[PDB]
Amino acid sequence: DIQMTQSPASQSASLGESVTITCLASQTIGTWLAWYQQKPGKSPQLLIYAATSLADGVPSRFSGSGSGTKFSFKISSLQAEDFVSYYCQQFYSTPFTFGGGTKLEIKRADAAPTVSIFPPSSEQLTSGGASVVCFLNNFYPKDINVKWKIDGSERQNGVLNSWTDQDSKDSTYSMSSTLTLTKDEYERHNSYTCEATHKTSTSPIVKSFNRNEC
């Protein structure tokens, strides 16, 4: 089967910037390649077919080039609506195969996360579980680290994280971290801490509480 290796997986750029995405075919495929866009919550749409031909209605800021194994897709001046995903596809031979996609993200000024910690709700403490939640909100750039501590001891087991896509309004990222314990284990310990490491500070942002303290 023909493997289509698409790079980069993601790239950050400014409004107005020119960017180039590449697609490498594992064997020569002439100009038998297409490029698609996909907006959040929408189906893919054809932009380019036969390596270089623009689909009907597609703006001329989108272009494709190449023949053989190395293909390029270019956006000459990024507009707000263009910070979405793009895929290449070969139709030289069955099985038809797609590249892994590229997501374009918008650059903005660095922003430190706003960190909030939440003890288990009184309602949850009626279950067999207790969840401690930490929100790390409205930060930039996207890379961030969270560490949990219980009574000063680093805790990996029972931690699950979720990351938003880039915010359409302010171009920031947010992250939720949930530490789930049994209620019995929760009540065996006193201090619960969420520590956020981000490039905006050499020191982590630390939010903590002590159980059954007010």
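Each residue number is its position in the shown sequence, starting from 1.
If you average the CA temperature factors over each stretch, which comes out higher, 92 to 100 or 128 to 136? Per the PDB record, 128 to 136.
Which of the two stretches, 61 to 69 or 183 to 191, shows the higher mean Cα temperature factor in the record? On average, C-alpha B-factors are higher across 183 to 191.
What third of its chain, lowest, middle or highest, does the C-alpha temperature factor of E123 fall into? Within its chain, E123 is a highest-third residue by C-alpha B-factor, going by the deposited values.
Third of chain Cα B-factors occupied by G41: For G41, whose C-alpha B-factor we compare with every modelled residue in the chain, the answer is the highest third.
Report the third (lowest, middle or highest) to which the CA temperature factor of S162 belongs, ranking only the modelled residues of the same chain. Tercile = lowest for this residue's CA B-factor.
Where does the C-alpha B-factor of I144 rank in its chain, lowest, middle or highest third? It belongs to the middle third of the chain when residues are ordered by C-alpha B-factor.
Third of chain Cα B-factors occupied by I150: Answer is highest: the recorded C-alpha B-factor places it there.
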